[PDB]
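I have placed the structure first, in the form of structure tokens, so that the comments after it can refer back to it.
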Amino acid sequence: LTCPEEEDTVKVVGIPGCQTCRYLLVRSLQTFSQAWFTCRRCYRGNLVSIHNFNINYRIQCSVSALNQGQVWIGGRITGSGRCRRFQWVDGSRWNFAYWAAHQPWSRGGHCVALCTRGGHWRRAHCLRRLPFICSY
Amino acid sequence: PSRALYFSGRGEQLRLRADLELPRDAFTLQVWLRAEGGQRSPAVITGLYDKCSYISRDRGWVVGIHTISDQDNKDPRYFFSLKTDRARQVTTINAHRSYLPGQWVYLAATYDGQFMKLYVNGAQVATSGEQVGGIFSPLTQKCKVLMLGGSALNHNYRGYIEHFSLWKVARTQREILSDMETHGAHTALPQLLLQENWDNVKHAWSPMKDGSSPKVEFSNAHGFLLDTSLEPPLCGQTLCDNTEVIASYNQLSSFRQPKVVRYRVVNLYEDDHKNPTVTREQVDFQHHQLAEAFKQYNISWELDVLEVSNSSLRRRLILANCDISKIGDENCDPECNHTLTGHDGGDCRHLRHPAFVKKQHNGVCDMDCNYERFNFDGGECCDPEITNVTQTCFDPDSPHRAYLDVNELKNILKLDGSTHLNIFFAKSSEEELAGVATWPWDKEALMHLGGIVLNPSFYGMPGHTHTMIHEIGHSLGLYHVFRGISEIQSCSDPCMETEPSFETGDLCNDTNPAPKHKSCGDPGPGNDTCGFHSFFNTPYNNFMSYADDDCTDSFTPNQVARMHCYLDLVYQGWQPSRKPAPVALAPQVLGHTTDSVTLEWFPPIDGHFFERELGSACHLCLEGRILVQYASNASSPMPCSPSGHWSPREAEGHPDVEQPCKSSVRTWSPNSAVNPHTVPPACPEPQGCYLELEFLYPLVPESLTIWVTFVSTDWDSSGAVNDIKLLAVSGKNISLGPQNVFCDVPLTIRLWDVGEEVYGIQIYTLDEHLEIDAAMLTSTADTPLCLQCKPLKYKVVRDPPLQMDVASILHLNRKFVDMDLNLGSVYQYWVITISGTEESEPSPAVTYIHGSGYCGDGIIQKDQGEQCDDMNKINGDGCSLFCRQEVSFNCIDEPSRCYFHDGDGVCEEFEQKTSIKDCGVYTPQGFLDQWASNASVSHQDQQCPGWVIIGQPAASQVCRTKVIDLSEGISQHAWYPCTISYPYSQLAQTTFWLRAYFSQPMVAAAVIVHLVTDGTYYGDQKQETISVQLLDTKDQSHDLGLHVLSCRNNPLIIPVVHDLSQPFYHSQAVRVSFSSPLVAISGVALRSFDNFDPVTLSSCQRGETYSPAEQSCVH
Amino acid sequence: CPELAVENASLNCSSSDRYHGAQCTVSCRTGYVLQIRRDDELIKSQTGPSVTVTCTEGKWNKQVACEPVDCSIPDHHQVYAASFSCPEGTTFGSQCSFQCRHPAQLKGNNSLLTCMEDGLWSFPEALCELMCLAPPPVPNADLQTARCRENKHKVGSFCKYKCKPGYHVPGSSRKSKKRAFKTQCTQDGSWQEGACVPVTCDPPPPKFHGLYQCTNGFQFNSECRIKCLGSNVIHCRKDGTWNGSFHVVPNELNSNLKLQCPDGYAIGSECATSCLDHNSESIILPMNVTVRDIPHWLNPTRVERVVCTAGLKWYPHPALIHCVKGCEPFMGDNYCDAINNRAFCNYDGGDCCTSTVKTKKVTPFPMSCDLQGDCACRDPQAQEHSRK
Ligand SMILES: *[C@@H]1O[C@H](CO)[C@@H](O[C@@H]2O[C@H](CO)[C@@H](O)[C@H](O)[C@H]2NC(C)=O)[C@H](O)[C@H]1NC(C)=O
Ligand SMILES: *[C@@H]1O[C@H](CO)[C@@H](O)[C@H](O)[C@H]1NC(C)=O
Ligand SMILES: *[C@@H]1O[C@H](CO)[C@@H](O)[C@H](O)[C@H]1NC(C)=O
Ligand SMILES: *[C@@H]1O[C@H](CO)[C@@H](O)[C@H](O)[C@H]1NC(C)=O
Ligand SMILES: *[C@@H]1O[C@H](CO)[C@@H](O)[C@H](O)[C@H]1NC(C)=O
Ligand SMILES: *[C@@H]1O[C@H](CO)[C@@H](O)[C@H](O)[C@H]1NC(C)=O
Ligand SMILES: *[C@@H]1O[C@H](CO)[C@@H](O)[C@H](O)[C@H]1NC(C)=O
Ligand SMILES: *[C@@H]1O[C@H](CO)[C@@H](O)[C@H](O)[C@H]1NC(C)=O
Ligand SMILES: *[C@@H]1O[C@H](CO)[C@@H](O)[C@H](O)[C@H]1NC(C)=O
Ligand SMILES: *[C@@H]1O[C@H](CO)[C@@H](O)[C@H](O)[C@H]1NC(C)=O
Ligand SMILES: *[C@@H]1O[C@H](CO)[C@@H](O)[C@H](O)[C@H]1NC(C)=O
Ligand SMILES: [Ca+2]
Ligand SMILES: [Ca+2]
Ligand SMILES: [Ca+2]
Ligand SMILES: [Ca+2]
Ligand SMILES: [Ca+2]
Ligand SMILES: [Ca+2]
Ligand SMILES: [Ca+2]
Ligand SMILES: [Zn+2]
């Protein structure tokens, strides 16, 4: 496919927690699988797995300027039963969850998006065209 | 006797018989009612409705209980609403407070024709004059109906009605008080339209045909003369934080008698009992230092050393302030920075790269790949066969890991915290302090989860011996000295002590406000403090400050009073001396005849009305023989794992949430315990997720309260709690119906005809965000578990001594009448509590002069510090039982009748400076305030208009602080930047300014800026400043400094410091500059001299002298 | 200082001598409202009547005016079912007359209103009473209650009209064939509305569609005769069935339509219909309903198979079949969308209405959508559209 031009990509770095975590926010609208392939090809990494409130707050401060309300973070619902399991796409364990009001049990899509206003997450459909943040 | 009507919420409602004639011009409704906890949202106690047809509805008055905020359902108040047949609107007036959900309230609602007034407990709490004229004509008199306990749309009410009375004339407030006292008959008055002692309900009232009828019980509504419930302040927690109790502990030195307190040191040994946590030498040295420091303050410590032989616990690190969930996250926590931790799972190591690469596991554990970013080497390092578990397994998911938390150690050991002060040991990498000591008012303070966590490597070190004294003072009710400066949420917190006070800060008058510093002197500049630059007489030598151990050496006497009062209040089990708790308050004088006096005194400071037995349930029994108990064993099903049944340790003890309508960790959620990776399911549709709360002593109940803390904001179903099933010991479940609940007040349920014993309840919910904080069960009036208990006796001593018959007597009740007084003598009374044969310390003496007055006579006597004097000794009205008027109340007459004046409409001379809602902004006599016109801003928008600063500001708007989203309702009164949010301003730094112009260019003595928002973000915890500047007519700028905002400086005043050598300058515009986009400016005022204008008077040439009378040059 | 005369007021001065430094208190009478103003300064009126004025520099600092207190122009809710003639005005002391409508009856002596001192019109001493007359007749329905036949009734009660067996309110389910309803006398003197339309029985099977010429179409007790052993004469029964059934390359395609035949062009074969566009569906369009302007309350009949008729023609003619913009798959994902807010896509699964979205809060996929317009709730089952 085509790598996104750098005029539509911003860099988010300088978290008050870690000092090695760097993220790249692409404002181009893409689906979940296309965002996964775009991050894995053009920037050599999966989508962002959020593990703490500092990363999520810096991500919210970066994405609050966008016109779109939702961005992509790499969380999926990989399960079948009475209780499915969330999974990050980079394979890291899911220890931090920052959901909105009535979010995980209210059905929806099988992908995880981040609301740009408030920073709270939201279950969203995977065919939605949204901006996406890659770790690299 | 007195008789009462119980209305449940099932639709039981009455109407008046049609032979009676309803009032038209004026009326007065007086009703004694005992409301229950959870109510319907527009609950109606008594209403008058039109039954002609559907024409011009909500005409006629309705009194009831309803929430102020209809879209939130948070604050339920008593209300009275009237709409006459001629008015074009319905006026609703509300009380000044949320309703008390368990007390008898004397509601009165009067209307004469120009003024509708609402009195709660005889104090006028609401008044309005927006309804004028009669209610209805005699032509439409035929189709008006008086409903009791409900409405036509079934707006039903839960609780008791005792003394209904309806009058055809508007009674005055003194007549309201007289009818409150007289519970009998007013039959001599022709204007008494109706009064109802419920001997015959069916004579004058008729029920609805499809509906049922209310139950008829006995009331005992006027059952006490002295209100024995004393409330803590806004910054306090228990009865000891009250001003009068701590004043009697500070003054009388018989309350500070020496005590012996047992404390227990818990050092872990290995299986062969060889390697300790602390040595015996440091245990003895710490005991010597502790007995040295507390010997002056009359507290002795008895040392118990408990050895625990466990090699599994000894080899595992204990983490004081490190949460287990904070190990794998990418930020570097300084608390979890240890070798056995794994350097915070490898998230504090410098060579960590964020690329999570999971390696295939092959053989032995590697230390370079035992971090979080390498999946802890695929679980090889946590295998017991490959390597030792207790030095390699850093994975928090594994059950056998290298570290442990102190609460897990407390659950493992499970000690008896009810009789000793347990000392636990854990490491601390940040080494600022030790672990969190449990406060006396915590629910764990007498459980196994409570005690003091210390660092064992600094225990008994010659330079670190004062940390245990600091934590011991923390466990005895003392805050840090710097609570009112640095331990506050924002600059607008009510507990930020600007002055030494008994109610602000650390509740100690002898500790001046101070910040936190490590130095042994007063601090320098004030870069972090809001309104203070320098501090003087700072308690740097206090034990409670953060000074070095060569600096801290003393306790202030107020701290010693707090420690002794908390030892008497909650820590009676830690002392081997069985001297009972004294009556902390002086005896109160209730009445006198010509030759006798009557005294009533408070219960003792322990709160227990019975003697102490170890193997019984006599510590729960109340003033009668009602066993009030809380939960002991909660059980809820785990949603992901069937038949899991996890036990929530929250929702067990007494309710302990600070914010009553906020999500908290101290409650139970239906899916609180699920892991973040597993999807939390919705609750089952037909019944819902349920909590099973078991009580320790099964009995026959009569009442059940549940402290529901958080409900969903947009719930949109009818009820939150789905049903409550009482679990009986016979196997039967008794299912109560769906319950309406409120966020603030608890949910109180009265139980009818539960013959069998009840050992627990089940609370079912269809809400996935419901939070339950506690549950309390109250038994019947003679519990069989309180029959063996023996009550405390009271012995009254008089300073002119009583006769030998009178003086030796022992009182079961708390009332004492004596008739051996002379007509002018001065007596002093006190009361000693006798439990068995051992007496307590005496209460503070009450001095009674038989000719003069006291605090219950109805005569205001200014020499004895009486602001008001009623005759009630009840704290519900505007005047307290200590002759002190309460906050935002005013009492006028010589028998003091008090009214609520802060939320009034009229302005009086004593409230011009403070009541910004009623009066205007207080400008002094020598000055005048000109507000802005045509204010130009920096960020114009459609949503934020930017012309709202023009004119006088909205003084009735409540100042908001710590607010995340400002887009609710404040855009109609003030300007804030709509375009920029707080995260975007955090990203890109910018400056927002507001330029305001004035019609008349005056000389600015001061600039008054009115705000409705503090400017602080909900999660930033950073104070915000503004930079006001003055702009002259020649476009020069004069800096007025950087000013810190607060909601306690809501008309913010910026004075102009002008040197008299410089000429006075006309100021046209004012530029308010700030950085945070959450600051809302309702108005900017320019304050000038009212008498004269010095710029014009200085321009006057020779021969033209000044004239401030006409403000011109005169010649 | 000059003499200050205030209309409709009593003026007092504590000093007889007038000089610069003397003040006079003016109090306006009952039934008059103060208007304290200044030069380019409209201030709010004083609640009290005591206002003291002081002369400054030979002039007066303000002006004291006291208008008559104005009652509102007589409301419809002040007196119901009446008209108001007030030639005297709406000032204090004015009088107005009210007269009822023709169904309403004026009962009482005096029929006058007066704008009084407190600012409101007085109590009406006579009443306009509304009496509901006899209802208009309903075809194929029968009255039940005998008091509803009378011309006198109260306002707000119900009268039952029962339809014939087979006739019912439209929208009646097949299992619950309720054949009666009620009408209530409303506040305007009329009744509620309801007509028993025939919706019972079924249209003929699609293999013989087109040649039918019924009396009332597909309605109850309508006889359809296909014009040409039995014939094409069938009669619907009371329970909802008939006495029998009927007997005996499309190059005009759409821009995306494809017809796959598993049975070929034989007689009676049913072939699958699809749209080659991925986001398109084949519907039957009415002639007055264009492609771009389908209303949001319209549900077009979706096409599944083409079936042959008795005239050897395809009943779903592909010329009449339009491949229109199909439903995007973001239905039921707690997401209000502009495309699927119509009856063609189940109102986006109810995501645009607050009572029906599972998160109980409406979220638009583009945050810059019209919340009351393009992304608005349009569901009649919701409580926003419902009057309750
Ligand atoms: C500790 O307790 C002793 C009593 O054992 C207190 O000593 C009394 O002090 C008061 C003045 O404060 C004297 O009037 C009494 O005569 C003293 N009694 C005795 C027996 O010495 C002492 O004040 C207490 N100290 C504190 C800090 O509370
Ligand atoms: C030692 O501690 C373990 C927990 O690690 C606990 O299960 C056990 O009961 C304790 N005592 C002994 C004697 O093992
Ligand atoms: C403590 O944290 C620092 C960084 O803050 C880290 O370099 C070090 O490895 C950690 N552990 C120890 C034992 O110092
Ligand atoms: C701990 O590890 C050392 C070397 O890795 C080994 O010699 C020792 O036996 C281990 N201890 C236990 C209890 O397995
Ligand atoms: C409190 O402290 C002040 C000094 O800050 C002192 O003047 C006063 O007497 C103390 N006590 C009370 C009850 O105010
Ligand atoms: C500024 O305030 C902080 C409080 O957080 C304090 O630690 C620091 O010493 C202060 N700076 C100066 C120069 O006093
Ligand atoms: C609490 O209840 C659960 C299940 O009813 C039971 O397993 C547990 O032992 C109980 N605990 C106590 C202390 O009663
Ligand atoms: C009571 O609960 C038990 C299960 O705990 C159930 O089997 C039984 O049917 C219930 N009985 C009633 C009357 O609700
Ligand atoms: C207090 O009340 C009465 C006195 O009228 C008497 O029963 C006894 O003195 C006391 N009763 C109890 C229950 O303590
Ligand atoms: C404010 O000043 C500008 C600049 O002359 C003018 O255009 C505007 O009309 C003024 N608005 C008001 C309300 O005076
Ligand atoms: C005094 O009353 C008359 C009565 O119509 C009114 O026209 C006039 O305006 C009133 N005076 C003032 C100053 O408003
Ligand atoms: Ca960490
Ligand atoms: Ca390995
Ligand atoms: Ca203090
Ligand atoms: Ca709790
Ligand atoms: Ca007195
Ligand atoms: Ca009182
Ligand atoms: Ca007032
Ligand atoms: Zn501390």
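Letters A, B, ... go to the chains of the structure tokens in the order shown; residues in each chain start at 1; ligands are counted from 1 in the same order.
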
Show which residues sit within 12 Å of region 40-48 of chain C, as a PDB file with N, CA, C and O atoms, in the first residue's frame. Count only C-alpha atoms, and ignore same-chain residues fewer than 4 positions away.
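What landed in around.pdb:
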ATOM      1  N   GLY B 129     -42.281  35.822  47.614  1.00  0.00           N
ATOM      2  CA  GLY B 129     -43.371  36.758  47.445  1.00  0.00           C
ATOM      3  C   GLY B 129     -43.809  36.874  46.003  1.00  0.00           C
ATOM      4  O   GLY B 129     -44.327  37.914  45.586  1.00  0.00           O
ATOM      5  N   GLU B 130     -43.600  35.813  45.229  1.00  0.00           N
ATOM      6  CA  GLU B 130     -43.965  35.806  43.820  1.00  0.00           C
ATOM      7  C   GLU B 130     -45.369  35.279  43.576  1.00  0.00           C
ATOM      8  O   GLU B 130     -45.785  35.191  42.418  1.00  0.00           O
ATOM      9  N   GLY B 905     -34.255  37.030  49.872  1.00  0.00           N
ATOM     10  CA  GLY B 905     -34.301  37.977  48.778  1.00  0.00           C
ATOM     11  C   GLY B 905     -33.951  39.376  49.235  1.00  0.00           C
ATOM     12  O   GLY B 905     -33.388  40.168  48.473  1.00  0.00           O
ATOM     13  N   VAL B 906     -34.276  39.689  50.486  1.00  0.00           N
ATOM     14  CA  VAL B 906     -34.013  41.017  51.018  1.00  0.00           C
ATOM     15  C   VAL B 906     -32.578  41.096  51.529  1.00  0.00           C
ATOM     16  O   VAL B 906     -31.915  40.084  51.776  1.00  0.00           O
ATOM     17  N   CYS B 907     -32.093  42.325  51.675  1.00  0.00           N
ATOM     18  CA  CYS B 907     -30.737  42.598  52.129  1.00  0.00           C
ATOM     19  C   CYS B 907     -30.802  43.362  53.441  1.00  0.00           C
ATOM     20  O   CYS B 907     -31.549  44.337  53.559  1.00  0.00           O
ATOM     21  N   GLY B 951     -21.675  44.484  31.910  1.00  0.00           N
ATOM     22  CA  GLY B 951     -22.661  44.718  32.945  1.00  0.00           C
ATOM     23  C   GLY B 951     -22.273  44.090  34.268  1.00  0.00           C
ATOM     24  O   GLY B 951     -21.138  43.658  34.490  1.00  0.00           O
ATOM     25  N   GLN B 952     -23.254  44.056  35.165  1.00  0.00           N
ATOM     26  CA  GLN B 952     -23.045  43.462  36.476  1.00  0.00           C
ATOM     27  C   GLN B 952     -22.969  41.940  36.359  1.00  0.00           C
ATOM     28  O   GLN B 952     -23.684  41.346  35.548  1.00  0.00           O
ATOM     29  N   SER B 999     -17.011  52.988  30.389  1.00  0.00           N
ATOM     30  CA  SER B 999     -17.570  54.211  29.823  1.00  0.00           C
ATOM     31  C   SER B 999     -16.892  55.448  30.399  1.00  0.00           C
ATOM     32  O   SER B 999     -16.464  56.337  29.656  1.00  0.00           O
TER      33      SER B 999
ATOM     34  N   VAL C  26     -40.331  60.093  47.266  1.00  0.00           N
ATOM     35  CA  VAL C  26     -41.506  59.906  46.424  1.00  0.00           C
ATOM     36  C   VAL C  26     -41.944  58.451  46.534  1.00  0.00           C
ATOM     37  O   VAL C  26     -41.126  57.538  46.377  1.00  0.00           O
ATOM     38  N   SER C  27     -43.222  58.233  46.842  1.00  0.00           N
ATOM     39  CA  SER C  27     -43.782  56.892  46.948  1.00  0.00           C
ATOM     40  C   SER C  27     -44.977  56.775  46.015  1.00  0.00           C
ATOM     41  O   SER C  27     -45.907  57.583  46.091  1.00  0.00           O
ATOM     42  N   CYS C  28     -44.955  55.772  45.145  1.00  0.00           N
ATOM     43  CA  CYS C  28     -46.015  55.601  44.164  1.00  0.00           C
ATOM     44  C   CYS C  28     -47.142  54.743  44.718  1.00  0.00           C
ATOM     45  O   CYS C  28     -46.941  53.905  45.599  1.00  0.00           O
ATOM     46  N   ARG C  29     -48.339  54.969  44.183  1.00  0.00           N
ATOM     47  CA  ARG C  29     -49.552  54.372  44.714  1.00  0.00           C
ATOM     48  C   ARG C  29     -49.639  52.892  44.347  1.00  0.00           C
ATOM     49  O   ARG C  29     -48.906  52.386  43.493  1.00  0.00           O
ATOM     50  N   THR C  30     -50.555  52.200  45.022  1.00  0.00           N
ATOM     51  CA  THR C  30     -50.826  50.802  44.717  1.00  0.00           C
ATOM     52  C   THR C  30     -51.490  50.686  43.353  1.00  0.00           C
ATOM     53  O   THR C  30     -52.316  51.520  42.970  1.00  0.00           O
ATOM     54  N   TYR C  32     -49.466  50.718  40.695  1.00  0.00           N
ATOM     55  CA  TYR C  32     -48.529  51.401  39.818  1.00  0.00           C
ATOM     56  C   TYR C  32     -47.123  50.868  40.057  1.00  0.00           C
ATOM     57  O   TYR C  32     -46.730  50.606  41.197  1.00  0.00           O
ATOM     58  N   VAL C  33     -46.376  50.715  38.968  1.00  0.00           N
ATOM     59  CA  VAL C  33     -45.049  50.109  38.973  1.00  0.00           C
ATOM     60  C   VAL C  33     -44.022  51.192  38.666  1.00  0.00           C
ATOM     61  O   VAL C  33     -44.172  51.948  37.696  1.00  0.00           O
ATOM     62  N   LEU C  34     -42.999  51.285  39.516  1.00  0.00           N
ATOM     63  CA  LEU C  34     -41.924  52.252  39.342  1.00  0.00           C
ATOM     64  C   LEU C  34     -41.066  51.906  38.132  1.00  0.00           C
ATOM     65  O   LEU C  34     -40.928  50.742  37.749  1.00  0.00           O
ATOM     66  N   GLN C  35     -40.487  52.943  37.519  1.00  0.00           N
ATOM     67  CA  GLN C  35     -39.497  52.790  36.448  1.00  0.00           C
ATOM     68  C   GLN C  35     -38.394  53.808  36.725  1.00  0.00           C
ATOM     69  O   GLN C  35     -38.465  54.953  36.270  1.00  0.00           O
ATOM     70  N   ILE C  36     -37.380  53.388  37.472  1.00  0.00           N
ATOM     71  CA  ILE C  36     -36.241  54.245  37.776  1.00  0.00           C
ATOM     72  C   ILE C  36     -35.225  54.100  36.649  1.00  0.00           C
ATOM     73  O   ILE C  36     -34.729  53.002  36.373  1.00  0.00           O
ATOM     74  N   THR C  52     -35.746  58.159  47.476  1.00  0.00           N
ATOM     75  CA  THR C  52     -35.467  59.547  47.811  1.00  0.00           C
ATOM     76  C   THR C  52     -34.570  60.155  46.740  1.00  0.00           C
ATOM     77  O   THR C  52     -33.554  59.562  46.365  1.00  0.00           O
ATOM     78  N   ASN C  61     -30.969  64.200  39.035  1.00  0.00           N
ATOM     79  CA  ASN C  61     -30.086  63.112  38.637  1.00  0.00           C
ATOM     80  C   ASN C  61     -30.811  62.005  37.883  1.00  0.00           C
ATOM     81  O   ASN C  61     -30.172  61.274  37.119  1.00  0.00           O
ATOM     82  N   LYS C  62     -32.120  61.866  38.072  1.00  0.00           N
ATOM     83  CA  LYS C  62     -32.876  60.803  37.428  1.00  0.00           C
ATOM     84  C   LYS C  62     -34.298  61.290  37.188  1.00  0.00           C
ATOM     85  O   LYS C  62     -34.653  62.427  37.512  1.00  0.00           O
ATOM     86  N   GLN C  63     -35.112  60.412  36.610  1.00  0.00           N
ATOM     87  CA  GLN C  63     -36.525  60.673  36.379  1.00  0.00           C
ATOM     88  C   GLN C  63     -37.352  59.591  37.056  1.00  0.00           C
ATOM     89  O   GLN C  63     -36.994  58.409  37.024  1.00  0.00           O
ATOM     90  N   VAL C  64     -38.449  60.001  37.682  1.00  0.00           N
ATOM     91  CA  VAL C  64     -39.324  59.092  38.411  1.00  0.00           C
ATOM     92  C   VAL C  64     -40.624  58.976  37.628  1.00  0.00           C
ATOM     93  O   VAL C  64     -41.386  59.944  37.517  1.00  0.00           O
ATOM     94  N   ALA C  65     -40.878  57.789  37.091  1.00  0.00           N
ATOM     95  CA  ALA C  65     -42.117  57.488  36.395  1.00  0.00           C
ATOM     96  C   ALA C  65     -42.740  56.252  37.022  1.00  0.00           C
ATOM     97  O   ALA C  65     -42.039  55.375  37.534  1.00  0.00           O
ATOM     98  N   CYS C  66     -44.068  56.195  36.998  1.00  0.00           N
ATOM     99  CA  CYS C  66     -44.797  55.071  37.581  1.00  0.00           C
ATOM    100  C   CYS C  66     -45.938  54.704  36.641  1.00  0.00           C
ATOM    101  O   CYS C  66     -46.995  55.339  36.657  1.00  0.00           O
ATOM    102  N   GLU C  67     -45.718  53.671  35.842  1.00  0.00           N
ATOM    103  CA  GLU C  67     -46.732  53.212  34.910  1.00  0.00           C
ATOM    104  C   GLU C  67     -47.837  52.481  35.661  1.00  0.00           C
ATOM    105  O   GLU C  67     -47.649  52.071  36.806  1.00  0.00           O
TER     106      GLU C  67
END

>> To test your reading of the structure, identify every residue in chain A that backbone DSSP assigns to helix (DSSP H, G or I), and report it as a list in words.
In response: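 Result set for chain A (helix (DSSP H, G or I)): residues 6, 7, 8, 32, 33, 34, 35, 36, 37, 38, 39, 40, 41, 42, 53, 54, 55, 56, 57, 58, 59, 60, 61, 62 and 63 of chain A.
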
> Near chain C, which residues of chain B fall within 9 Å when you count only C-alpha atoms, and what do they look like as a PyMOL selection string?
Replying inline: chain B and resi 53-56+85-88+132-133+136-137+139+714-716+1110

Per residue of chain B within 10 Å of chain A, note the shortest atom pair and the distance in Å to one decimal, counting only C-alpha atoms, and order the rows by chain and increasing residue number, as a Markdown table.
| residue | atom | partner | partner_atom | distance |
| --- | --- | --- | --- | --- |
| B:325 | CA | A:95 | CA | 7.2 |
| B:326 | CA | A:52 | CA | 8.4 |
| B:327 | CA | A:95 | CA | 9.8 |
| B:328 | CA | A:51 | CA | 7.8 |
| B:329 | CA | A:51 | CA | 5.0 |
| B:330 | CA | A:18 | CA | 5.9 |
| B:331 | CA | A:17 | CA | 4.2 |
| B:332 | CA | A:17 | CA | 6.0 |
| B:333 | CA | A:17 | CA | 8.3 |
| B:347 | CA | A:18 | CA | 7.8 |
| B:348 | CA | A:18 | CA | 8.0 |
| B:350 | CA | A:20 | CA | 8.7 |
| B:351 | CA | A:20 | CA | 8.9 |
| B:352 | CA | A:20 | CA | 7.3 |
| B:353 | CA | A:20 | CA | 6.3 |
| B:354 | CA | A:21 | CA | 5.6 |
| B:355 | CA | A:136 | CA | 7.3 |
| B:356 | CA | A:92 | CA | 6.9 |
| B:357 | CA | A:91 | CA | 8.5 |
| B:358 | CA | A:91 | CA | 7.8 |
| B:372 | CA | A:92 | CA | 8.8 |
| B:373 | CA | A:92 | CA | 7.9 |
| B:374 | CA | A:92 | CA | 9.2 |
| B:375 | CA | A:92 | CA | 7.7 |
| B:397 | CA | A:95 | CA | 9.8 |
| B:639 | CA | A:83 | CA | 7.9 |
| B:640 | CA | A:83 | CA | 5.3 |
| B:641 | CA | A:83 | CA | 8.4 |
| B:642 | CA | A:82 | CA | 9.6 |
| B:675 | CA | A:95 | CA | 7.7 |
| B:676 | CA | A:97 | CA | 5.6 |
| B:677 | CA | A:86 | CA | 4.8 |
| B:678 | CA | A:85 | CA | 4.4 |
| B:679 | CA | A:84 | CA | 5.3 |
| B:680 | CA | A:105 | CA | 6.1 |
| B:681 | CA | A:105 | CA | 5.2 |
| B:682 | CA | A:105 | CA | 5.2 |
| B:683 | CA | A:105 | CA | 8.9 |
| B:712 | CA | A:101 | CA | 8.6 |
| B:713 | CA | A:101 | CA | 9.3 |
| B:714 | CA | A:101 | CA | 9.8 |
| B:767 | CA | A:102 | CA | 9.6 |
| B:768 | CA | A:102 | CA | 7.5 |
| B:769 | CA | A:102 | CA | 7.7 |
| B:964 | CA | A:118 | CA | 8.6 |
| B:965 | CA | A:118 | CA | 8.9 |
| B:980 | CA | A:65 | CA | 8.7 |
| B:981 | CA | A:64 | CA | 7.8 |
| B:982 | CA | A:61 | CA | 8.2 |
| B:983 | CA | A:61 | CA | 4.3 |
| B:984 | CA | A:61 | CA | 5.5 |
| B:985 | CA | A:61 | CA | 8.2 |
| B:986 | CA | A:61 | CA | 6.7 |
| B:987 | CA | A:61 | CA | 5.8 |
| B:988 | CA | A:61 | CA | 9.2 |

> Near residue 636 (chain B), counting only C-alpha atoms, which residues have an atom at most 8 Å away, once you skip same-chain residues fewer than 6 positions from it, shown as a PyMOL selection string?
Replying inline: chain B and resi 645-648+670+690-692

Output for the residues just chosen: C-alpha atoms as a short mmCIF file (atom, residue, chain, number, x, y, z; two decimals), in the first residue's frame:
data_model
loop_
_atom_site.label_atom_id
_atom_site.label_comp_id
_atom_site.auth_asym_id
_atom_site.auth_seq_id
_atom_site.Cartn_x
_atom_site.Cartn_y
_atom_site.Cartn_z
CA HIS B 645 -18.05 -16.36 45.03
CA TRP B 646 -15.43 -13.76 45.83
CA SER B 647 -15.81 -11.97 49.16
CA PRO B 648 -15.77 -8.13 49.04
CA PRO B 670 -20.91 -5.68 40.64
CA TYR B 690 -26.54 -9.50 43.70
CA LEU B 691 -24.54 -8.94 46.87
CA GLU B 692 -25.10 -11.22 49.87
#
